[PDB]
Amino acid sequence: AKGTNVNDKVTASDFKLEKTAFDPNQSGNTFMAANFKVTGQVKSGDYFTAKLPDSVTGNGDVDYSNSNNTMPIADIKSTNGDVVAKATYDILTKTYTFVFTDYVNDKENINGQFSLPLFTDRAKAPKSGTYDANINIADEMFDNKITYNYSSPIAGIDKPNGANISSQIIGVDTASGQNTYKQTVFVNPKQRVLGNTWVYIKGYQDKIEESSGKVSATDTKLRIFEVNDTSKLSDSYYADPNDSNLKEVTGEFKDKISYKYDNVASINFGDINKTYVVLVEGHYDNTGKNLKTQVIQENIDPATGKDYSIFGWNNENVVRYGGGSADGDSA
């Protein structure tokens, strides 16, 4: 029974970010860690909170939309095993709520510590740069400066007509059992002149038997957006379908998409000129093995006819973990 907010009775101490700068596009993240003391006593149901700013998240590329935007967090326990608090995280409000167990009833003067992984907010920190990241714990603000150095999505063969494609898995549902994923593909970020262009989306890289991903007309939904100003796309791979910079052309690709070949989707872009965003809504099996994907783009020269080029891009994500402990007095 979630009851009373006792932020006024808890105080945080020794706050440090594990590191202040990283690359979210190369599995970069960090941790917030701190001690806390409960001046006074509490009981089963009392709770305290931590709150994340716009710049960061607490779930990262793991999606919890099909799970009521609530992600469970590892129990906070004593030395001798018993749970001292149950912890939860709200994605939408970026709120950590630690609610005490009955363990704390017959206890007094509770001290503890936690370590929680922090990731980027691809939507709200869409560009590489230095952001403000002031974390709140127990009605107390801790100022930090965070710095995201994204590996640019603008990548490809180094000829004026060379294939160039990038992608990123920015959402993965591991909790629901629905097993879904959201991936953003950047087709032609160099926006160079390309001829007879083809794009392939695989959910397996080199070995099918090694990536859980599944691509077919059933498990995969695709949306395609003509970009107006490539100068305004995110470095974080986040893409807003309702951005005016994007124009959905999905209705123009009816007879240009194929799921015939195993675990791959073909997209006949043809003679293109601009950058295109492809929103991918896919699924992965219950084989328990990892989700590994690959996007491949190939093209000729519009002016020549020869001058072939092909380019591949691998994706995979890593899981981090939270940790916490606490204790009081056995009387």
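Just count from 1 along the sequence shown to find any residue number.
Checklist entry - Quick one: higher average CA temperature factor, 304-312 or 317-325? => result On average, C-alpha B-factors are higher across 304-312.
Checklist entry - When the C-alpha temperature factors are averaged for each of 39-47 and 280-288, which stretch ends up with the higher value in the entry? => result According to the PDB entry, the answer is 39-47.
Item to check | Residue selected from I73, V193, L118, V187 by maximal Cα B factor | outcome: Checking the PDB record, the top C-alpha B-factor among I73, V193, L118, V187 is at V193.
Next on the checklist: Checking the record values for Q26, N273, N59, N69, which has the greatest CA B factor?
Outcome noted: In the PDB entry, the greatest C-alpha B-factor among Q26, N273, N59, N69 is found at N273.
Next on the checklist: Lowest, middle or highest third: which one holds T220 when the chain's residues are ordered by CA B-factor from the entry?
Outcome noted: Lowest third of the chain for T220's C-alpha B-factor.
Item to check | Entry-reported Cα temperature factor of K247, expressed as the chain third it lands in | outcome: As the PDB entry reports it, the C-alpha B-factor of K247 lands in the middle third of its chain.
Checklist entry - With respect to C-alpha B-factor, does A138 fall in the lowest, middle or highest third of the chain as deposited? => result Its C-alpha B-factor belongs to the highest third of this chain's values.
Next on the checklist: Please place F253 in the lowest, middle or highest third of its chain according to the CA B-factor in the PDB entry.
Outcome noted: CA B-factor rank for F253: highest third.
Checklist entry - By the record's CA B-factor, is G81 among the lowest, middle or highest third of residues in the chain? => result Its C-alpha B-factor, which the entry lists for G81, ranks in the highest third among residues of this chain.
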